[PDB]
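Engineer: Starting off with a structure, shown below.
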Amino acid sequence: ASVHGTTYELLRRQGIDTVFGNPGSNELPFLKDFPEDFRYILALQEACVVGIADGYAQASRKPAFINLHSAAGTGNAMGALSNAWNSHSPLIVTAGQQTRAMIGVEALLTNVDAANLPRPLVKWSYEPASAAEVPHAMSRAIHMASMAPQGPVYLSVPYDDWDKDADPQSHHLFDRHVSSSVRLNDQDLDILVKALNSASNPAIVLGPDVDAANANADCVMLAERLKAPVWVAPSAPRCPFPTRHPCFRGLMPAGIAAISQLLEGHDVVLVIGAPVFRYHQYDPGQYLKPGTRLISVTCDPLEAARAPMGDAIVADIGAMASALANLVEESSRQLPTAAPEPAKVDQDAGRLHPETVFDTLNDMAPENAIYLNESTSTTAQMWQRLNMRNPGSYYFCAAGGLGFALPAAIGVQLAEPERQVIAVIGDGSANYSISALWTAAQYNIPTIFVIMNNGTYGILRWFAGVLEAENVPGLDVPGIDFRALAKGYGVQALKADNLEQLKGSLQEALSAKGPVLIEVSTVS
Amino acid sequence: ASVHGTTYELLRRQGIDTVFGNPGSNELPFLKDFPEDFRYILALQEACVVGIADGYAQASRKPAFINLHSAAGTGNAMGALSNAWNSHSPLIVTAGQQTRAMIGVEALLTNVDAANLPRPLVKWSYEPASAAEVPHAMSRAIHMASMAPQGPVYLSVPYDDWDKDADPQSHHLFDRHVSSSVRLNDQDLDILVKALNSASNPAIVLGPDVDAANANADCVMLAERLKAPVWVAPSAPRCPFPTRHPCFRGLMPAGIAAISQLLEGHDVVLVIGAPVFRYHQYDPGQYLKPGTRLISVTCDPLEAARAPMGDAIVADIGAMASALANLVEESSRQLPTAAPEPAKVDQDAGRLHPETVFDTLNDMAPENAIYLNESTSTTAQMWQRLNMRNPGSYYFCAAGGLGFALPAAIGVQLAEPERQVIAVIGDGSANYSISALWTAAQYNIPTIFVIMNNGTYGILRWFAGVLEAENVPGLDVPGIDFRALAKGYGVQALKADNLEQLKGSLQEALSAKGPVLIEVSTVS
Amino acid sequence: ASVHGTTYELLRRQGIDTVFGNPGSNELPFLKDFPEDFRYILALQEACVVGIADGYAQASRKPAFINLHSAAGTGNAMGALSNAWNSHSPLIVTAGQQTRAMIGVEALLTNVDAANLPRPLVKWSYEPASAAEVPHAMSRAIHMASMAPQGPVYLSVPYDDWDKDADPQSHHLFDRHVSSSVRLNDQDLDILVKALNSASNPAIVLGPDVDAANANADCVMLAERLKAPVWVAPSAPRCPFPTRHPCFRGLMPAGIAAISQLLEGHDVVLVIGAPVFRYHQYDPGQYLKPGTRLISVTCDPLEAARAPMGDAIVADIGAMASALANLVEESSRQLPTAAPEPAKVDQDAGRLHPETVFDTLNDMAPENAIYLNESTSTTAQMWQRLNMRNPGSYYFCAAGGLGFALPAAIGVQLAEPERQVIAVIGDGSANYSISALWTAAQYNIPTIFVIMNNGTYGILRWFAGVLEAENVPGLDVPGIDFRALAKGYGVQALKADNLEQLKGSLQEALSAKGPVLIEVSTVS
Ligand SMILES: Cc1ncc(Cn2c(C)c(CCOP(=O)(O)OP(=O)(O)O)sc2=O)c(N)n1
Ligand SMILES: Cc1ncc(Cn2c(C)c(CCOP(=O)(O)OP(=O)(O)O)sc2=O)c(N)n1
Ligand SMILES: Cc1ncc(Cn2c(C)c(CCOP(=O)(O)OP(=O)(O)O)sc2=O)c(N)n1
Ligand SMILES: [Mg+2]
Ligand SMILES: [Mg+2]
Ligand SMILES: [Mg+2]
Ligand SMILES: [Mg+2]
């Protein structure tokens with residue numbers, strides 16, 4: 001068989017049946033004779049290709065396969081890869097290279113030093129030394145992306161390789177099963193369980209790898225057993241816990257001092273599936289107060305190594321959460337009391353406060369909605385005002401790289417066709433990957449996009465205020481008509497200039513057959 | 001003085017007065033107290049920021065300064081950097097990094113292994129080891145970008161460095177002048193001149209570094225003295241010669257066999273300011289036919305090293321072209337045979353043939369128009385049909401990376417306010433950097449964008465055909481309304497569904513006082 | 001406290017008490033006030049420093065700390081790092097950098113782009129962005145080196161950092177405990193155990209990570225329970241099993257065809273702690289024959305990904321070996337019969353056959369002797385004729401990089417004061433790291449060095465034959481007097497030109513109280 005034939009057989013045998021791509025001439029020999037059991041999802045720019053694949057991979061909890069064009073295509077996606085790195089997204093990124101005979105002269109479309117291009121944003125990055133090595137390299141890519149800690153990988157393939165004869169012994173690749181589903185050995189696990197049982201005032205902090213592992217339910221049981229309050233680790237890319245569960249305490253502020261203060265009085269703090277910690281603002285102080293001991297379970301050696309405090313255990317989050325949830329004793333302490341329902345902000349008949357938008361979404365959206373956040377000045381309010389009972393209900397750019405939520409919302413909706421996806425995106429963020437709207441239209445993927453339009457890079461204007469930094473250029477983004485942009489890409493568009501119109505538009509969007517964009521006028 | 005003050009003083013003393021950017025929190029300490037003698041050009045996505053800066057640098061023939069946001073922002077620009085590398089564009093790319101105190105914990109917005117991120121697409125990439133080093137590192141960036149062979153460079157700066165004290169000895173940086181304006185020594189130059197004078201049938205091939213150096217006029221003199229046919233090297237990023245000058249032969253097809261055929265019979269082929277050669281299609285054969293010797297003058301050691309044939313001289317293109325033009329003897333040979341005229345293609349009253357569009361542009365555009373090309377299936381016809389008689393009249397994505405022409409056309413128009421820029425862009429290419437339109441609207445930069453809408457990735461559909469590649473997915477891009485996209489970003493829009501409307505739209509566009517987009521319905 | 005003080009406290013609190021080094025001026029500020037509870041081990045060239053540290057880490061099963069001088073010192077050690085990468089040796093490599101103020105001008109002894117230098121041979125490579133970050137970066141280095149899969153790491157430190165004030169919050173680093181002692185979840189481990197219990201003719205293959213984990217005894221129990229034959233994986237860097245145990249089948253030949261033939265008829269092959277496989281010679285064929293399924297347990301995701309066949313489990317070898325050994329049923333199959341003792345080779349009165357040397361070493365050396373092999377042409381004979389009963393009894397350069405065994409033998413001897421180390425080294429290999437001898441003399445480390453002198457690169461001349469390649473230069477190494485070299489570095493030296501002399505010399509060497517070198521005249 002050919003390299004082409006063998007490679008598609010490997011992909012299908014490893015459960016991959018969808019290619020997210022933007023094609024080029026180096027990729028046509030791969031895409032020719034495209035198998036009928038595969039589906040190709042086209043996006044118009046590579047940041048959108050990778051964003052969509054990323055959302056799809058995160059929601060489906062399986063690897064997603066991407067095909068991009070040489071260096072330029074790969075380069076256009078490297079901002080999207082920064083987010084994918086931070087979210088441990090299992091993305092197999094392939095790119096077409098020039099024919100081997102024209103690589104030396106650096107013909108047009110030659111990806112020079114190809115394996116170095118996406119570094120340091122990938123777990124593994126490779127170009128095979130011969131055509132017959134391609135299926136084996138593809139096998140390496142699949143497993144490197146998929147093993148804990150999951151993450152993006154890169155494979156460059158000269159276009160002339162695909163037609164060449166494959167090694168018959170490549171058949172051994174097709175059904176390989178590779179497992180990382182490991183947990184701490186019994187003796188040391190018992191020691192941990194005893195420390196948890198002995199704690200007088202335990203607290204639990206959860207990160208995105210819990211949601212990725214669908215460990216959420218086991219974490220609920222663990223928190224109920226220990227009678228422990230549960231935070232979400234700062235800069236949260238996902239939601240790992242029911243937000244109206246009585247133990248839930250919400251999103252931790254992303255500051256060193258703020259977090260040690262929050263944890264003061266808790267003798268043992270168990271962190272699961274998060275870096276320790278993804279701080280953001282400068283908030284110097286103690287990493288922990290005395291009296292607090294921290295224990296981290298992480299799937300990522302890099303996270304364990306760089307934590308400035310605490311013990312760490314490097315293992316699969318699913319296997320660890322399950323073991324702990326079922327091993328710890330039921331504490332006789334009183335179960336934590338649910339947090340109070342956020343207060344209703346005063347809302348006149350004018351532009352919308354973001355608190356109003358979220359309250360209204362919470363009132364009207366289905367209970368199994370999935371939200372994406374790229375409205376950076378309103379994240380705190382969103383976490384407080386949306387009741388998200390189920391796993392996989394929230395995504396936020398994991399490296400803070402804008403241009404994620406709009407395409408990712410399309411991939412999520414493709415992954416979960418029975419759960420309504422609602423992306424809340426600021427007017428600034430909306431532009432980074434605006435052309436992804438076209439894919440929603442073309443493939444009939446009925447995502448709802450809520451554009452929070454305040455005319456500015458809100459969070460930047462705010463932080464400039466904190467820095468007392470005056471005369472900063474480039475913070476305002478007036479003059480964008482988002483309904484026109486949606487029309488440009490074939491997506492139904494609505495406007496909401498006040499609360500009444502917001503209710504009406506959301507009602508219409510929820511009932512609509514296709515994707516819908518709502519432009520909301522929000523307060524500056 | 002502060003690192004901030006010192007750095008801005010270095011920038012002004014070195015001729016920089018414009019910052020192209022998309023701001024982020026790591027960059028706010030740099031952008032605060034923005035000096036009154038600088039201007040900031042905002043674009044909404046980083047591929048757009050870099051593309052605009054690139055156009056501006058290429059047209060102005062001076063370095064352009066860029067400010068991006070950490071890793072995500074840099075990543076979003078890496079497709080644009082692939083073009084900049086191939087075009088030798090002097091781009092100084094700065095990116096903000098987290099505060100030094102929070103780099104180790106990998107806080108949100110930390111650019112991990114920062115200097116490796118843009119490699120291999122930059123000449124130099126660096127993060128300073130202390131705040132006091134920043135002005136020195138900026139000096140190195142300015143000069144590494146500016147020295148032959150010019151190209152993009154990258155500097156990552158922790159945001160806390162700006163307010164720190166600079167080394168007082170940094171004043172020595174301010175007025176440094178660094179020259180690479182060099183040419184071959186007299187003895188060896190005289191040998192080259194003798195070879196040229198002795199040639200019976202010389203030919204000349206010119207590349208983009210001729211237009212970059214404004215060596216066009218000297219090349220015209222050289223060609224006139226030698227009575228030599230002049231080609232433009234393949235995959236041409238710029239136009240180095242007047243396209244209706246009697247010596248001009250056209251754009252070389254980007255194939256090994258094609259080019260050796262074209263050069264057959266020529267005893268000496270002098271190539272100036274081009275790689276040898278930027279081939280593209282697989283077109284195997286001889287690099288040169290017997291009887292032809294090739295001599296290359298290039299500003300780039302990497303070009304000289306990789307040429308698969310001929311001698312090479314690594315020197316400044318401006319200095320070499322000037323010297324050769326004034327030293328060669330005046331040949332009494334007959335000029336090349338007049339080139340044929342492009343045929344007027346058959347055209348009904350419906351959708352427009354690309355040839356019709358170019359013929360109409362050529363009739364109506366000013367003699368000093370500047371064209372950009374990202375209509376990939378129509379390049380050959382464009383070169384045949386446009387009379388471009390002045391330097392700096394043509395730009396095409398140098399690495400074949402789409403998303404260049406739309407933002408670069410804005411940068412060019414900003415650099416050349418008295419020359420009308422006309423960007424001819426395919427419907428596929430248009431989406432990659434669509435948000436750039438906003439910058440043209442906001443700053444009232446009067447670029448004309450001509451969208452060639454045939455509903456497909458035309459050149460891929462063509463190559464699919466020649467490969468006899470069946471069942472290739474993702475080649476069609478129906479359902480985009482470019483007038484609506486333009487409206488979305490505040491740019492006037494027109495439509496041309498036939499020749500009469502094309503003429504009317506162009507008349508209107510040329511009379512406009514701001515940017516205009518014309519959507520042209522072209523054939524499949 | 002200073003960075004110096006804080007870092008040494010971190011080191012002692014994490015169990016480090018030895019520094020292997022070759023000093024330079026960038027390193028003096030670190031080495032000054034060297035604490036009384038540490039020892040420094042000097043070697044005269046950096047390949048020797050690292051080889052000694054490597055031996056020490058491998059035998060002690062704990063990380064070894066190294067201090068080298070800038071780029072040149074690090075560079076001199078990169079061959080040794082090649083081996084350390086392949087052996088998963090936990091080496092913390094630190095190198096001194098210029099003072100931060102002089103990095104920018106690239107003063108002499110500046111390590112330019114320092115973190116890139118040791119790539120790709122390190123797990124993690126870094127230079128901190130500030131002095132206060134240094135202790136945290138050292139913490140990261142210790143843990144990256146120590147977590148599965150273990151391996152070398154690199155930290156570059158500007159020499160002026162040591163005297164600066166440390167972050168008081170650095171104390172949180174001192175007692176961090178990081179575990180990767182994990183194994184497959186119960187459900188999937190039961191499936192694996194069932195597959196082993198159900199196997200009709202299983203075989204076991206063991207690699208170096210078994211010996212590194214001291215999982216040898218558990219592997220013996222596992223082999224005895226399953227009544228399975230046991231091979232050592234090809235190109236073996238360590239010995240994971242008693243070589244005279246009845247299940248032992250010896251070292252696998254390093255070829256694809258040879259290994260699948262060896263495993264024919266075995267329905268399940270369990271590979272533990274080895275790459276699949278470290279092939280060497282070209283020996284094309286089937287990876288496995290029909291009827292054989294392979295299951296690999298590996299500590300290294302990179303190994304699991306690249307295996308061309310079989311299932312894989314990525315977990316700690318110690319934890320996995322112990323669990324399997326204790327869960328599998330006692331098979332009723334007959335215990336394998338021990339390999340017969342190898343035949344005696346005919347030995348005349350002249351130069352010695354390697355077979356005779358090994359026979360004689362086996363007869364005279366203590367039962368807990370530790371051997372190192374860098375006699376490349378005699379490896380097979382060595383594995384057959386040396387009875388190694390205990391763990392940690394054999395080391396061979398894991399990447400085939402010569403220069404390992406001489407210095408490593410010193411490190412092992414240092415780590416195991418009560419076990420006699422005997423390095424068997426070819427006359428070719430002996431020169432790579434000859435100066436390591438000085439360290440054995442200076443610290444009175446009683447390693448015995450046995451030099452096999454045949455006056456040639458034996459294995460290369462052999463290979464030259466099978467290749468039918470003639471006129472190959474550089475294969476012969478006449479004119480080396482190893483007794484004089486030993487005298488040069490202060491080590492007692494003996495000669496052996498025949499069997500009687502060999503016996504006498506070995507007898508004196510074992511009785512000696514310091515290092516001894518024996519030059520043996522062996523047959524071509
Ligand atoms: C790719 C990229 N570019 C630039 C930034 C910098 N940035 C920028 C420009 C922000 C403002 C987002 O504006 P918005 O309107 O989307 O949201 P708010 O108005 O609520 O802040 S938040 C932020 O981090 C980024 N994070 N990622
Ligand atoms: C960033 C990027 N992505 C994808 C490609 C691959 N590509 C693609 C997708 C082309 C089709 C461009 O379509 P168009 O409509 O702009 O022009 P034509 O229809 O005349 O081909 S030409 C081409 O090289 C590329 N060169 N650069
Ligand atoms: C650092 C390094 N250099 C060169 C080689 C190549 N090489 C060389 C030069 C060998 C000959 C070793 O000769 P010896 O005398 O040590 O042993 P034999 O005579 O038994 O082969 S084996 C081998 O792989 C290597 N492996 N490592
Ligand atoms: Mg906004
Ligand atoms: Mg890179
Ligand atoms: Mg088109
Ligand atoms: Mg020898």
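In the structure tokens, chains take letters A, B, ... by order of appearance, with residues numbered from 1 within each chain and ligands from 1 in the order shown.
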Using only C-alpha atoms and all ligand atoms, find each residue with an atom at most 8 Å away from ligand 7 and format the answer as a PyMOL selection string.

Structural biologist: chain C and resi 375+377+426-429+452-459+477+524

Engineer: Return as a PyMOL selection string every polymer residue, whether protein, DNA or RNA, with at least one atom no more than 9 Å from an atom of ligand 1; count only C-alpha atoms and all ligand atoms.

Structural biologist: (chain A and resi 79-80+374-379+397+399-404+425-432+451-462+474-477+524) or (chain B and resi 22-27+44-46+68-76+109)

Engineer: May I have the residues from that selection written out with C-alpha atoms, as a PDB file, in the first residue's frame?

Structural biologist:
```pdb
ATOM      1  CA  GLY A  79      -0.867  32.099  18.694  1.00  0.00           C
ATOM      2  CA  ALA A  80      -3.524  29.387  18.775  1.00  0.00           C
ATOM      3  CA  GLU A 374     -13.253  35.960  25.738  1.00  0.00           C
ATOM      4  CA  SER A 375     -14.642  39.050  27.436  1.00  0.00           C
ATOM      5  CA  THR A 376     -11.626  39.743  29.592  1.00  0.00           C
ATOM      6  CA  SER A 377     -12.982  42.608  31.718  1.00  0.00           C
ATOM      7  CA  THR A 378     -16.011  40.570  32.881  1.00  0.00           C
ATOM      8  CA  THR A 379     -14.629  37.125  33.795  1.00  0.00           C
ATOM      9  CA  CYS A 397      -8.110  30.963  26.454  1.00  0.00           C
ATOM     10  CA  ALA A 399      -2.585  31.312  27.731  1.00  0.00           C
ATOM     11  CA  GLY A 400      -4.663  34.489  27.574  1.00  0.00           C
ATOM     12  CA  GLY A 401      -4.264  34.512  23.789  1.00  0.00           C
ATOM     13  CA  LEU A 402      -7.225  36.245  22.156  1.00  0.00           C
ATOM     14  CA  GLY A 403      -8.799  34.734  19.044  1.00  0.00           C
ATOM     15  CA  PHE A 404      -9.643  31.464  20.822  1.00  0.00           C
ATOM     16  CA  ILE A 425     -16.663  37.688  23.360  1.00  0.00           C
ATOM     17  CA  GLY A 426     -15.549  41.300  23.704  1.00  0.00           C
ATOM     18  CA  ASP A 427     -15.584  43.663  20.722  1.00  0.00           C
ATOM     19  CA  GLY A 428     -11.769  43.714  20.748  1.00  0.00           C
ATOM     20  CA  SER A 429     -11.317  39.951  20.997  1.00  0.00           C
ATOM     21  CA  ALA A 430     -13.928  39.336  18.296  1.00  0.00           C
ATOM     22  CA  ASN A 431     -11.683  40.512  15.472  1.00  0.00           C
ATOM     23  CA  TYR A 432      -8.700  38.251  16.019  1.00  0.00           C
ATOM     24  CA  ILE A 451     -20.454  40.247  21.258  1.00  0.00           C
ATOM     25  CA  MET A 452     -19.977  42.516  24.259  1.00  0.00           C
ATOM     26  CA  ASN A 453     -19.439  45.865  22.536  1.00  0.00           C
ATOM     27  CA  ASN A 454     -18.098  48.687  24.678  1.00  0.00           C
ATOM     28  CA  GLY A 455     -15.838  50.236  22.045  1.00  0.00           C
ATOM     29  CA  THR A 456     -12.605  49.563  23.898  1.00  0.00           C
ATOM     30  CA  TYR A 457      -9.956  47.131  25.097  1.00  0.00           C
ATOM     31  CA  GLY A 458     -11.688  47.342  28.471  1.00  0.00           C
ATOM     32  CA  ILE A 459      -9.296  45.327  30.620  1.00  0.00           C
ATOM     33  CA  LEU A 460      -6.350  47.282  29.213  1.00  0.00           C
ATOM     34  CA  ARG A 461      -7.858  50.697  29.924  1.00  0.00           C
ATOM     35  CA  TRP A 462      -8.511  49.475  33.450  1.00  0.00           C
ATOM     36  CA  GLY A 474      -4.108  51.907  20.937  1.00  0.00           C
ATOM     37  CA  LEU A 475      -6.667  51.076  23.650  1.00  0.00           C
ATOM     38  CA  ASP A 476      -9.868  52.016  21.772  1.00  0.00           C
ATOM     39  CA  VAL A 477     -11.607  50.080  18.997  1.00  0.00           C
ATOM     40  CA  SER A 524     -17.755  51.288  29.002  1.00  0.00           C
TER      41      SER A 524
ATOM     42  CA  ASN B  22      -1.583  45.603  19.071  1.00  0.00           C
ATOM     43  CA  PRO B  23      -1.226  46.350  22.787  1.00  0.00           C
ATOM     44  CA  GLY B  24      -1.281  44.033  25.793  1.00  0.00           C
ATOM     45  CA  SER B  25      -0.701  44.354  29.526  1.00  0.00           C
ATOM     46  CA  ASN B  26       3.022  43.367  29.283  1.00  0.00           C
ATOM     47  CA  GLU B  27       3.453  46.278  26.862  1.00  0.00           C
ATOM     48  CA  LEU B  44      -6.685  44.446  15.362  1.00  0.00           C
ATOM     49  CA  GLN B  45      -4.711  41.226  14.896  1.00  0.00           C
ATOM     50  CA  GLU B  46      -0.988  40.664  14.884  1.00  0.00           C
ATOM     51  CA  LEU B  68       3.332  42.897  20.152  1.00  0.00           C
ATOM     52  CA  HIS B  69       1.964  41.095  23.195  1.00  0.00           C
ATOM     53  CA  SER B  70       3.950  38.234  24.669  1.00  0.00           C
ATOM     54  CA  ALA B  71       3.820  34.776  23.107  1.00  0.00           C
ATOM     55  CA  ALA B  72       0.267  34.752  21.796  1.00  0.00           C
ATOM     56  CA  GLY B  73       0.696  38.024  19.927  1.00  0.00           C
ATOM     57  CA  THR B  74       4.064  37.006  18.548  1.00  0.00           C
ATOM     58  CA  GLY B  75       2.592  33.667  17.509  1.00  0.00           C
ATOM     59  CA  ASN B  76      -0.295  35.254  15.658  1.00  0.00           C
ATOM     60  CA  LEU B 109       1.313  35.876  29.840  1.00  0.00           C
TER      61      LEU B 109
END
```

Engineer: Run DSSP on the backbone and give me the residues of range 360-460 of chain A it puts in alpha helix (DSSP H), as a ChimeraX atom specification.

Structural biologist: /A:360-364,379-385,405-415,437-442,458-460

Engineer: I need the contact residues of chain A against chain C, so if you could list those with any atom within 8 Å, counting only C-alpha atoms, and return them as a VMD selection string, that would help.

Structural biologist: chain A and resid 136 to 137 139 to 141 143 to 144 147 169 to 170 172 to 173 176 to 185 286 to 287 301 to 302 304 to 306 308 to 315 319

Engineer: If you count only C-alpha atoms, which residues fall within 6 Å of range 47-57 of chain A, apart from same-chain ones fewer than 3 positions away, as a list in words?

Structural biologist: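 Answer for this query is residues 20, 21, 43, 60, 61, 62, 63, 64, 76, 77, 80, 404, 407, 408, 410, 411, 412, 415, 433 and 436 of chain A.
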
Engineer: Name all residues at most 10 Å from residue 346 in chain B (count only C-alpha atoms; drop same-chain ones fewer than 2 positions away) and give them as a list in words.

Structural biologist: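 So, after excluding close chain neighbours, the residues are residues 343, 344, 348, 353, 355 and 356 of chain B.
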
Engineer: Going by DSSP on the backbone, which residues of range 241-459 of chain B come out as strand (DSSP E)? List them as a PyMOL selection string.

Structural biologist: chain B and resi 248-251+268-272+293-298+311-314+370-374+394-396+421-426+448-453

Engineer: Between CA of residue 206 in chain C and CA of residue 388 in chain C, what distance in Å does the model show, to one decimal?

Structural biologist: 15.2 Å

Engineer: Just how far from CA of residue 351 in chain C is CA of residue 479 in chain C, in Å to one decimal?

Structural biologist: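 Interatomic distance here is 16.8 Å.
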
Engineer: Pick out the residues sitting within 7 Å of residue 233 in chain B, and hand them over as a list in words; count only C-alpha atoms, and ignore anything fewer than 3 positions along from it in its own chain.

Structural biologist: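 Within the cut-off, the hits are residues 205, 206, 207, 236, 251, 252, 274 and 277 of chain B.
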
Engineer: I need the residues from that last selection saved to file as a PDB file, in the first residue's frame (with N, CA, C and O atoms), if you can.

Structural biologist:
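Okay, this is what ended up in part.pdb:
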```
ATOM      1  N   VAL B 205      19.114  38.812 -14.920  1.00  0.00           N
ATOM      2  CA  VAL B 205      17.975  38.401 -14.111  1.00  0.00           C
ATOM      3  C   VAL B 205      17.995  39.232 -12.817  1.00  0.00           C
ATOM      4  O   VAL B 205      19.033  39.307 -12.156  1.00  0.00           O
ATOM      5  N   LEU B 206      16.877  39.895 -12.509  1.00  0.00           N
ATOM      6  CA  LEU B 206      16.792  40.782 -11.356  1.00  0.00           C
ATOM      7  C   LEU B 206      15.780  40.289 -10.333  1.00  0.00           C
ATOM      8  O   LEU B 206      14.690  39.861 -10.692  1.00  0.00           O
ATOM      9  N   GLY B 207      16.140  40.430  -9.057  1.00  0.00           N
ATOM     10  CA  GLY B 207      15.244  40.068  -7.968  1.00  0.00           C
ATOM     11  C   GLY B 207      14.868  41.226  -7.072  1.00  0.00           C
ATOM     12  O   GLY B 207      15.134  42.384  -7.362  1.00  0.00           O
ATOM     13  N   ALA B 236       8.457  36.429  -7.815  1.00  0.00           N
ATOM     14  CA  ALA B 236       8.904  37.782  -7.532  1.00  0.00           C
ATOM     15  C   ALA B 236       8.132  38.527  -6.441  1.00  0.00           C
ATOM     16  O   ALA B 236       6.940  38.807  -6.599  1.00  0.00           O
ATOM     17  N   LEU B 251       8.355  37.956 -16.305  1.00  0.00           N
ATOM     18  CA  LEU B 251       8.557  37.172 -15.086  1.00  0.00           C
ATOM     19  C   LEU B 251       8.919  35.738 -15.470  1.00  0.00           C
ATOM     20  O   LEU B 251       8.226  35.115 -16.243  1.00  0.00           O
ATOM     21  N   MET B 252      10.015  35.223 -14.939  1.00  0.00           N
ATOM     22  CA  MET B 252      10.373  33.846 -15.196  1.00  0.00           C
ATOM     23  C   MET B 252       9.400  32.911 -14.508  1.00  0.00           C
ATOM     24  O   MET B 252       9.038  33.127 -13.360  1.00  0.00           O
ATOM     25  N   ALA B 274      18.642  38.512  -6.274  1.00  0.00           N
ATOM     26  CA  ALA B 274      17.684  37.405  -6.223  1.00  0.00           C
ATOM     27  C   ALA B 274      18.325  36.148  -5.672  1.00  0.00           C
ATOM     28  O   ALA B 274      19.525  35.924  -5.831  1.00  0.00           O
ATOM     29  N   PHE B 277      17.427  29.681  -7.607  1.00  0.00           N
ATOM     30  CA  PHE B 277      16.316  30.594  -7.899  1.00  0.00           C
ATOM     31  C   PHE B 277      15.159  30.188  -6.994  1.00  0.00           C
ATOM     32  O   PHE B 277      15.126  29.066  -6.497  1.00  0.00           O
TER      33      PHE B 277
END
```

Engineer: Residues contacting ligand 5 - anything with an atom at most 10 Å away, using only C-alpha atoms and all ligand atoms - can you give me those as an MDAnalysis selection string?

Structural biologist: (chainID A and resid 75 78 113:122) or (chainID B and resid 75 78 113:122)

Engineer: Quick check, in Å to one decimal: how far apart do CA of residue 472 in chain A and CA of residue 32 in chain B lie?

Structural biologist: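 Interatomic distance here is 4.7 Å.
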
Engineer: Please determine, counting only C-alpha atoms, which residue among A:255, A:240, A:273, A:473 has the shortest atom-to-atom distance to residue 18 in chain B.

Structural biologist: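 Result for the nearest residue to residue 18 in chain B: A:473.
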
Engineer: Which is closest to residue 509 in chain A among A:337, A:361, A:390, A:497, if we use only C-alpha atoms?

Structural biologist: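 Checking each candidate against residue 509 in chain A, we get A:361 as the closest.
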
Engineer: Show me, as an MDAnalysis selection string, the residues that have an atom within 9 Å of range 516-523 of chain C when counting only C-alpha atoms, minus same-chain residues fewer than 6 positions from it.

Structural biologist: chainID C and resid 350:354 357 427 446:455 481:483 486 491:498 502 505:506 509:510
